[PDB]
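First come two forms of one protein chain, each written alone as structure tokens, so that there is a structure 1 and a structure 2.
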Structure 1
């Protein structure tokens, strides 16, 4: 697979310049807000390791993922994930904006077995108590993300 799924937004011209994977894929990231949200809301902690490995506490069990760059779409990563219940899936993401030490705004998209993509904008924070940073105000306006839903972290 050399490009993101048809229907997924490549966000051309809307992604930060100079993204540094070495600084982003380190430590823990809490998923604190999102454009679209489920009920009940939860607090997912994404743990990162070397070579684009990650672990998080998903809807029904731990999820382990392995990432790789997407050759045809600058900034995008493909993650192959497995769940403790025995399931597997693929998901795509790009970092739209981040300061690495506090927050990160991501886009995520996948087909998940369908022909219709399901996507989202995600706000990650280094602290579970993190909320919406002042530095993203204009970017959120531009992307029409004026009302991010707060999830289950505090």
Structure 2
């Protein structure tokens, strides 16, 4: 995979340097806040594994994803995901900024056919009780993500 779909923001100049994929893809993350949210809110727990694995409890059952680097868009991964209800889809994600030990801001792009129909920014927290962290305030102000929605974790 060389580039992200049209409709997906490349985030030029916005992604952290020195990303350590191994430290991000270890341990659990809770999706505590997001730019866009649907009713009813949920608590999605993401589990990680070696070779860019990302699982979570999705709307329609458990989702299991395997990632691949996107060479032309630094920081982006293409995830191939399957679900227990028989779904199969591709999702692009980039870790915009993380401290590994507490929080990570992610950008996500969907895929339908060859284009991205919808995107979102996701706040991952190591604790289900996590806040919008002070440690992201510079980046959130830069991206004008200043009212992230609280989801269903606590």
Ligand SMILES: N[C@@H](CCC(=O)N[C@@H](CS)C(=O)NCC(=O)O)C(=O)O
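Between two forms, the rigid core is defined as the largest C-alpha subset superposing within 1.5 Å. Positions refer to the first chain, counted from 1. Residues that one form lacks are left out of the comparison.
Visitor: Go through 1 and 2 and tell me the one that is the form solved in complex with this ligand.
Guide: Answer is structure 1, the other one does not fit.
Visitor: Looking at 88, 115, 69, 129, which has a Cα shift of 2 angstroms or more between the two structures when the rigid core is held fixed?
Guide: The displaced C-alpha is that of 115.
Visitor: Could you tell me how many Å the Cα atom of residue 41 shifts between the two structures when the rigid core is held superposed?
Guide: Core-aligned C-alpha shift comes out at 0.4 Å.
Visitor: Residues present in both forms only, core superposed, 2 Å C-alpha shift required: which runs of three or more differ between the two structures?
Guide: After core superposition, the one displaced run is 111-117.
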